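For reference, the structure discussed in these notes is given below.
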Amino acid sequence: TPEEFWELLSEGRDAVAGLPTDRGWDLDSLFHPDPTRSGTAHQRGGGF
Amino acid sequence: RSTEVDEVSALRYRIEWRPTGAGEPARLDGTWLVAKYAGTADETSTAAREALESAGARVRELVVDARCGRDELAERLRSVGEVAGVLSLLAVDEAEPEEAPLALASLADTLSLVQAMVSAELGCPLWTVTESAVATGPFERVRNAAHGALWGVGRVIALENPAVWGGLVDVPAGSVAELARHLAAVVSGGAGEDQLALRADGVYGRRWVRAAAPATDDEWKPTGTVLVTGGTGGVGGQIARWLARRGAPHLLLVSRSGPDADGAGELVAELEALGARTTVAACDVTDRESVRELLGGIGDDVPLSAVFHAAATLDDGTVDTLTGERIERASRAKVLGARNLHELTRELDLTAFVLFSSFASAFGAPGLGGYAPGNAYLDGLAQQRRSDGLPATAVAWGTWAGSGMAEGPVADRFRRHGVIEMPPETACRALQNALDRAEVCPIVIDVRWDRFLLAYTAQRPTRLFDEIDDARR
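Okay, here's the thing in structure tokens:
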């Protein structure tokens, strides 16, 4: 609700935790620490 | 485009976390206890006492000396009264011990408390709290690996005395306000969840999933030598023939004493007939100087990749008083060997630590309690090594048809229900697929769930095997 949005803005808090584990993602081969391999993301986090 | 991977895809499983709800936290009644150590000095204890007193509970504080004893703690416990909850805050501010990776006071001290408490037959469900040792995903820094050992034995404890050992939590270090959010819900939870993975958002109870195999057109070449723990004794032996089928030029599988007791003339001659210029570690891996000399004694020639953690040593430990020192003595080969390889291979060129382990680490094994801490330490090491190169690996390799210490009473006990023996060539094929994909949790085992659920349930309910379609019916 917008009230919670304003409360978060006033208190100065971020809403970034990690990745979702419900939508059946592989989550595992998504980042081979070499950037240029196929199927390798770069974000170890986000807001979902 | 393929139809013969069935058996390879049959023995493919994985561990992961899934967000769940909560029970019905109404009111805790009793004389709840807390005991970290003699040091105490933790504001988390104050927050826990505040929450427990808010939830109608009498809070009492106890102090314990590092390896204080085995029975005096029971003597003071029996003089207090009846309790139904203990907060073991002893895992705070002690991330990883010194040079000895298993000489942690928390582990052995907790075993002493549980032994004294069953001796006193008090009946309270133990509730332990650890720091960040379990990762909700591969995108996290596992702060240390020793704490995971607490989990490895812990599940087995749940089988030994189901009336106690309520469960564990995660509660990442710093910003302890999470322990002031629910706390009472977790301990006083009617859902019976025990593998709690508390984090910044809700709860993340542990679950077991199938590992579907998306086969890809890639290739891993074992050029030169390969790192596999165990050398030629047992598990390594057949493994040594696998690369013989592959045709690797060299090998340096690490063994306890090499030609002294491993390999022998028949295997040596057969391997040299198949593939020449192959070696096995003749020196003990526990000594750092021995590993340095072995690495300096090589002819350089060829690097490798895909570090492996199959198995190194088998040293009993079914059920006993279970002191902490004997576990370290048993694991002193394998854990310090892995530590030495990790220390000495950082500056070389490889990919990552593609771990293997025994199947006893996955879930609670009543007869292999002492085997779990080494596998848990290996898992923590692999998760830490993920930081550079290639992702981690959590293989939980089972039992061989032709070898393995767990072939007597162990295989007799779980061969009548669930698990059976497994051929070696299937293991080679599954391992080739695993290295082709390089997953982080390739549990490799075959089990018959129809009797396995009945055997595992017995008297303790569990919400673990709820993601297997066959387990539902």
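Protein chains in written order, with PDB author numbering: chain B, 50 to 97; chain A, 918 to 1390.
For each residue, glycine too, the CB sits at the ideal point set by N, CA and C.
Bridge partner(s) assigned by DSSP for residue i
| i | result |
| --- | --- |
| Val1224/A | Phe1270/A |
| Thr961/A | DSSP output for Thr961/A lists no bridge partner at all. |
| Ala952/A | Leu979/A |
| residue 894/A | Residue 894/A lies beyond the range of chain A shown here (918 to 1390); nothing can be said about it. |
| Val1327/A | According to DSSP, which records beta bridges pairwise, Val1327/A is partnered with nothing at all. |
| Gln1112/A | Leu1085/A |
| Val1197/A | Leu1170/A |
| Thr937/A | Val1120/A |
| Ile1360/A | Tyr930/A |
| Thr89/B | None, per the DSSP bridge assignment. |
| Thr1146/A | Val1171/A |
Of the residues the options, the one placed nearest residue i, counting alpha carbons only
| i | options | result |
| --- | --- | --- |
| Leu1258/A | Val1143/A, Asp1386/A, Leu1231/A and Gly1054/A | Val1143/A |
| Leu950/A | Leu1039/A, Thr920/A, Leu1019/A and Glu1011/A | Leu1039/A |
| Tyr1294/A | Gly1325/A, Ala1020/A and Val1093/A | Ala1020/A |
| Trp1044/A | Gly1002/A, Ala939/A, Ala1066/A and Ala1037/A | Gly1002/A |
| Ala1282/A | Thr1027/A, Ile1074/A and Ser1092/A | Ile1074/A |
| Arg1123/A | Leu1211/A, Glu933/A and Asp1305/A | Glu933/A |
| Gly1083/A | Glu1057/A, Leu1113/A and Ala1094/A | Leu1113/A |
| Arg1098/A | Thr961/A, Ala1108/A and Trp1137/A | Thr961/A |
| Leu1352/A | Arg1127/A, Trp1137/A, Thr1133/A and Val1051/A | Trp1137/A |
| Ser1278/A | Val1070/A, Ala955/A and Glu921/A | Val1070/A |
| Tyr930/A | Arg987/A, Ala1313/A, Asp1383/A and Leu1381/A | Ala1313/A |
| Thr1196/A | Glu1206/A, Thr1203/A, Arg1205/A and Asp1217/A | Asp1217/A |
| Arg1377/A | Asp1026/A, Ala1080/A, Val976/A and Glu921/A | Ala1080/A |
| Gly1284/A | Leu1076/A, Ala1375/A, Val997/A and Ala1066/A | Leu1076/A |
| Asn1078/A | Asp1383/A, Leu1115/A and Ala1375/A | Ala1375/A |
| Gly1141/A | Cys1041/A, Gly1180/A, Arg1194/A and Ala1328/A | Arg1194/A |
| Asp1383/A | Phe1331/A, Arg1127/A, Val1171/A and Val1202/A | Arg1127/A |
| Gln1301/A | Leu1024/A, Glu1057/A, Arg975/A and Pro1018/A | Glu1057/A |
| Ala1066/A | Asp1296/A, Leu1115/A, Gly998/A and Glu1260/A | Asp1296/A |
| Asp1177/A | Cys1200/A, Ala1161/A and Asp988/A | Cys1200/A |
| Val1208/A | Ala958/A, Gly998/A, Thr1238/A and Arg1173/A | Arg1173/A |
| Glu1048/A | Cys1041/A, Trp1068/A, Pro1042/A and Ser1036/A | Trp1068/A |
| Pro1131/A | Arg1365/A, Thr920/A and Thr1379/A | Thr920/A |
Limits of the beta strand (DSSP E) - the one that residue i falls within
| i | result |
| --- | --- |
| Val1003/A | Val1003 to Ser1005 |
| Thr1045/A | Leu1043 to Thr1045 |
| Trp1125/A | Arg1123 to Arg1127 |
Opening and closing residue of the alpha helix (DSSP H) in which residue i lies
| i | result |
| --- | --- |
| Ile932/A | No alpha helix (DSSP H) holds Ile932/A; the beta strand (DSSP E) holding it covers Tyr930 to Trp934. |
| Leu1370/A | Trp1366 to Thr1374 |
| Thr1027/A | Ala1022 to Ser1036 |
| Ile1244/A | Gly1241 to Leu1261 |
| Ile1156/A | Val1152 to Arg1163 |
| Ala1062/A | Element bounds for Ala1062/A: n/a, residue is neither H nor E. |
| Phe54/B | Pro51 to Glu60 |
| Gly1297/A | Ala1289 to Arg1302 |
| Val1185/A | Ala1181 to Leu1191 |
| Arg1209/A | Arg1205 to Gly1213 |
| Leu990/A | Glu989 to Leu994 |
| residue 905/A | The structure shown does not extend to residue 905/A, since chain A is modelled only from 918 through 1390, so no value can be given for it. |
| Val1103/A | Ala1101 to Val1104 |
Assumed close pair residue i, residue j - CB separation to whole angstroms, cut-off 8 Å
| i | j | result |
| --- | --- | --- |
| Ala1255/A | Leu1212/A | Between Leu1212/A and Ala1255/A the Cβ distance is about 15 Å, and since that is not below 8 Å, they are no contact. |
| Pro942/A | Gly1119/A | The Cβ separation is near 14 Å, so there is no contact. |
| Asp1386/A | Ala927/A | Not really, about 14 Å apart at Cβ, beyond 8 Å. |
| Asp923/A | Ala955/A | Wrong, their Cβ atoms sit about 58 Å apart, outside the cutoff. |
| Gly1234/A | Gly1286/A | 6 Å |
| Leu979/A | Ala952/A | 4 Å |
| residue 1458/A | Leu945/A | Only positions 918 to 1390 of chain A appear in this structure, which leaves residue 1458/A out of reach. |
| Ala1102/A | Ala965/A | Their Cβ separation, rounded to whole angstroms, is 14 Å, which puts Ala1102/A and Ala965/A out of contact at 8 Å. |
| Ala1181/A | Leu1170/A | No, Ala1181/A and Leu1170/A are not in contact; Cβ-Cβ is about 14 Å, not under 8 Å. |
| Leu1184/A | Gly1214/A | The Cβ separation is near 22 Å, so there is no contact. |
| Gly1291/A | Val1236/A | With a Cβ gap of about 17 Å, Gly1291/A and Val1236/A do not count as contacting. |
| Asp959/A | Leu1006/A | 6 Å |
beta-carbon residue i near the ligand SAH non-hydrogen atom, thresh 7 Å
| i | result |
| --- | --- |
| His1226/A | In the structure on display, the ligand SAH does not appear, and there are no ligands present to speak of. |
Original post:
Taking three-plus beta-carbon pairs below 8 Å as touching, is the stretch 1266-1285 of chain A in contact with the stretch 1051-1067 of chain A?
Top reply: Short answer: they don't touch.
**OP:** Determine contact between the stretch 1139-1155 of chain A and the stretch 1318-1333 of chain A, defined as no fewer than three beta-carbon pairs at a distance below 8 Å.
**Re:** Touching, yes.
Subject >> contact_flag[the stretch 1247-1256 of chain A, the stretch 1220-1230 of chain A] where n(CB pairs < 8 Å) is 3 or more >> reply: Yes, the stretch 1247-1256 of chain A touches the stretch 1220-1230 of chain A.
Subject >> contact_flag[the stretch 1357-1374 of chain A, the stretch 1323-1341 of chain A] where n(CB pairs < 8 Å) is 3 or more >> reply: The stretch 1357-1374 of chain A is in contact with the stretch 1323-1341 of chain A.
Original post:
Below 8 Å, can you find three or more Cβ-Cβ pairs linking the stretch 1173-1190 of chain A to the stretch 1213-1226 of chain A?
Top reply: No: the two stretches stay apart, fewer than three of their Cβ pairs being nearer than 8 Å.
Original post:
Just checking, does the stretch 75-84 of chain B make contact with the stretch 1349-1362 of chain A on the three C-beta pairs under 8 Å criterion?
Top reply: Contact between the stretch 75-84 of chain B and the stretch 1349-1362 of chain A is established, with three or more Cβ pairs separated by less than 8 Å.
Original post:
Does the stretch 1306-1316 of chain A touch the stretch 1259-1270 of chain A, meaning 3 or more C-beta pairs lie closer than 8 Å?
Top reply: Contact between the stretch 1259-1270 of chain A and the stretch 1306-1316 of chain A is present, because at least three Cβ pairs lie under 8 Å.
**OP:** State whether the stretch 65-74 of chain B contacts the stretch 1026-1037 of chain A, with contact taken as three or more CB pairs (one from each stretch) at a distance under 8 Å.
**Re:** Taking a cut-off of 8 Å for Cβ pairs, the stretch 65-74 of chain B and the stretch 1026-1037 of chain A do not touch, as fewer than three such pairs fall below it.
Subject >> Sufficient close CB pairs (3 or more, under 8 Å) joining the stretch 960-976 of chain A to the stretch 1159-1170 of chain A >> reply: Touching, no.
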